[PDB]
Amino acid sequence: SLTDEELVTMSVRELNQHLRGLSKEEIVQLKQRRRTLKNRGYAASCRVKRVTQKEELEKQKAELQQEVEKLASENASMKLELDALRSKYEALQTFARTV
Amino acid sequence: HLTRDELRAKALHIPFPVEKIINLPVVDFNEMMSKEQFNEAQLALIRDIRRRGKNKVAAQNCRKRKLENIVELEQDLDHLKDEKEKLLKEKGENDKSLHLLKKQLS
DNA sequence: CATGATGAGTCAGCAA
DNA sequence: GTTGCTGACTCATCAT
C-alpha cells in the first residue's frame with residue numbers, strides 16, 4: 001500500500017508506476033484518494049495564509065497603537081509645559097508694557 | 001422535489017416539516033416535542049436535522065466574521081496611520097513654538 | 001438535554 | 001484529464 005505523505009507528494013506520472021496488481025476501480029480510487037489528500041493540503045495552506053495575514057495585521061496595529069499612545073502622552077505632557085511657559089512669557093510682556 | 005433530509009424525516013414518519021425542525025425557537029420546539037411519543041430512532045433524526053441546520057448557519061456566520069474582522073483591522077491601520085501623522089504634526093508645531101520661545105529668551 | 005463558535009477535513013464547483 | 005482555490009457542509013470540541 002501507500003501512506004498519506006507518499007501519495008500526496010507523488011506526481012501524476014510517478015503514480016503510474018505504482019499500479020501493479022490494481023483493478024480499474026482501485027486505480028480510480030487511488031487517484032481520487034490522492035486528490036482528497038491534495039484538497040486537505042489546499043485547505044490547510046489556505047488557512048495558514050489567512051492566519052498569517054491576520055496576525056501580521058494585528059502586529060502592526062499593536063505596534064502603532066503603543067506608538068500613538070506614547071506620542072499622545074508625551075504631546076500632552078509637553079503642551080502643559082508650553083502653556084505654562086507661554087503664560088509666564090505673556091506676563092513678562094504685560095509687565096514690560098507697564099514700564 | 002424533496003431534499004434528502006425531508007425524505008429521511010418522512011421515512012421515519014416525522015410529522016413536522018424540516019423548516020420547522022430547524023427554525024422553530026427553542027421554547028416552541030420543546031413544547032411541541034413534549035406532545036409526541038417518538039422512539040429513539042425518531043428523536044435522534046429530529047435532533048440531527050436541527051443540529052446540522054443550525055450549525056451550517058453558524059459556520060457561514062463564522063466565515064463572514066473573519067472577512068469583516070480583516071476589514072476592521074485594515075480600517076484600524078488606516079486610522080492609526082492618520083492619528084500618528086496628526087500627532088507628529090501637532091508635536092512639530094509645539095516643538096517649533098517651544099524652540100522659538102527658548103530662542104527669544106536666549 | 002439545549003444552545004453557539006470554530007478548526008480540520010471533506011466534497012463540489014470553479015477558472016486556468 | 002490535473003491544479004490551486006474556495007464556498008458550503010459536517011464532525012468534534014469547547015463553552016454557557
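Heavy atoms only: backbone and side chains are in, while hydrogens, waters and symmetry mates are out. In what follows, every chain begins at residue 1, and chains take the letters A, B, ... in the order their sequences are listed.
A positive value of the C1'-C2'-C3'-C4' torsion places the sugar of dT3(C) in the north (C3'-endo) family.
Ion pairing between a basic and an acidic side chain is recognised when a charged N comes within 4.0 Å of a carboxylate O; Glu90(B) and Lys86(B) show such pairing.
Residues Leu24(B) and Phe16(B) fail the side-chain proximity criterion, which asks for heavy atoms closer than 4.5 Å. Between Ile14(B) and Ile21(B), some side-chain heavy-atom pair lies under the 4.5 Å cut-off.
Both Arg40(A) and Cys62(B) sit near DNA chain C, but only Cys62(B) has its closest nucleotide nearer the 5' end. Comparing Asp5(B) and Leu67(B), the nucleotide of DNA chain D nearest to each residue sits closer to the 5' end for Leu67(B).
Each of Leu15(A), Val8(A), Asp4(A), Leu2(A) was compared with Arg34(A) under the side-chain contact (heavy atoms from CB on, under 4.5 Å) criterion, and only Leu15(A) meets it.
Through direct or relayed side-chain contacts under 4.5 Å between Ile, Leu, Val, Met, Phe, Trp and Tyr, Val71(B) connects to no other residue.
Residue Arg50(A) is classed as a sugar-phosphate contact, given heavy-atom separations below 4.0 Å to backbone atoms only. Among the atoms of the strands shown, only primed sugar atoms or phosphate atoms (P, OP1, OP2) are found under 4.0 Å from some heavy atom of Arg65(B). Residue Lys66(B) is classed as a sugar-phosphate contact, given heavy-atom separations below 4.0 Å to backbone atoms only.
In this model, the phosphate group of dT3(D) is approached by a side-chain N or O of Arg34(A) to a distance below 4.0 Å at OP1 or OP2. Using a 4.0 Å cut-off, no side-chain N or O of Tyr42(A) falls inside it from OP1 or OP2 of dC5(D). Residue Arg47(A) places no side-chain N or O under 4.0 Å from the OP1 or OP2 atom of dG7(C).
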So which protein nitrogen or oxygen atoms get under 3.5 Å of nucleotides 12-16 of chain C's nitrogens or oxygens?
residue	atom	partner	partner atom	Å
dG13(C)	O6	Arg35(A)	NH2	3.1

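With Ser97(B) contributing its side chain and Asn94(B) its backbone, the two residues share no donor-acceptor pair below 3.5 Å.
Residues from residues 21-37 of chain B placing a heavy atom under 4.0 Å of any atom in DNA chain C, listed by number, are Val26(B). Contacts with DNA chain C (heavy atom under 4.0 Å) in residues 45-57 of chain B: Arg47(B), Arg50(B), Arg51(B), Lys54(B), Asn55(B), listed by number.
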Where do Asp95(B) and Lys91(B) land on the salt bridge (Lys or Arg N to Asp or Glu O under 4.0 Å) test, with the steps shown first?
CA-CA 6 Å; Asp95(B) 265 6; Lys91(B) 181 184 181 304; 3.0 Å; yes
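Which of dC11(C), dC9(D), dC5(D) sits closest to the side chain of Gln60(B) comes down to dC9(D).
To the nearest angstrom, P of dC9(D) lies 15 Å from CZ of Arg4(B).
Under the rule for a side chain to side chain donor-acceptor pair (under 3.5 Å), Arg47(A) has no partner lying at least two apart in sequence or in another chain.
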What would the secondary structure line of DNA chain C be in dot-bracket form, counting Watson-Crick and G-U wobble pairs under 3.5 Å, with [ ] for pairs that cross earlier ones and | for pairs with another strand?
.|.|||||||||||||
